[PDB]
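Working notes, structure below.
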């Protein structure tokens, strides 16, 4: 669960970061993205200090 | 060529009818590979084409 979604989100984020000039970037857009950076993002699996943080929307 | 067998309730007897050619004639704008292969190496500008992949930015 929540495996394909995180990979897709990381891929989209990397594609947007490495291609700022492009207007619309999607998961199918043939644009450069570093797969090692996506692996590093998934490797942040080890989050130990946040679930939702009560009293704030997202901090 | 141009002859067709007409069989149906409209005709009294099954018949073989020679069809006149149309005017104008239906023509399909096809591409001839052998004719184009007999010419010299023609360069399909690979930079206008690759700017048409991205209409504005894609």
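Brief remarks follow.
- The protein assembly as shown: C-alpha gyration tensor shape, a/c 1.5 cut-off, then a/b vs b/c: prolate
- Exposure proxy order (Cβ contacts within 10 Å, fewest to most) of B:11, B:43: B:43, B:11
- Calculated from the alpha-carbon coordinates, chain A shows an Rg and a Dmax of 13.9, 41 Å respectively.
- Normalised by residue count, chain B yields a Cα convex hull volume of 235 Å³ per residue.
- Among B:53, B:41, the order by Cβ neighbours within 10 angstrom, fewest to most, reads B:41, B:53.
- Legend: ranking of residues A:28, B:9 from fewest to most surrounding C-beta atoms inside 10 Å; resulting order B:9, A:28.
- Look at where the Cα atoms of chain A and of the range B:3-48 average out, and the two centres are 54 Å apart.
- Site pair residue A:27 and residue B:17 shows an inter-label distance of 5.8 nm when each label is modelled 7 Å from Cα along Cα→Cβ.
Taken together, the values in this text are just the output of simple stated rules run on the coordinates, not laboratory data. For neighbour counting, all protein chains shown are included, and Cβ atoms are generated from backbone atoms with ideal geometry for every residue, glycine included.
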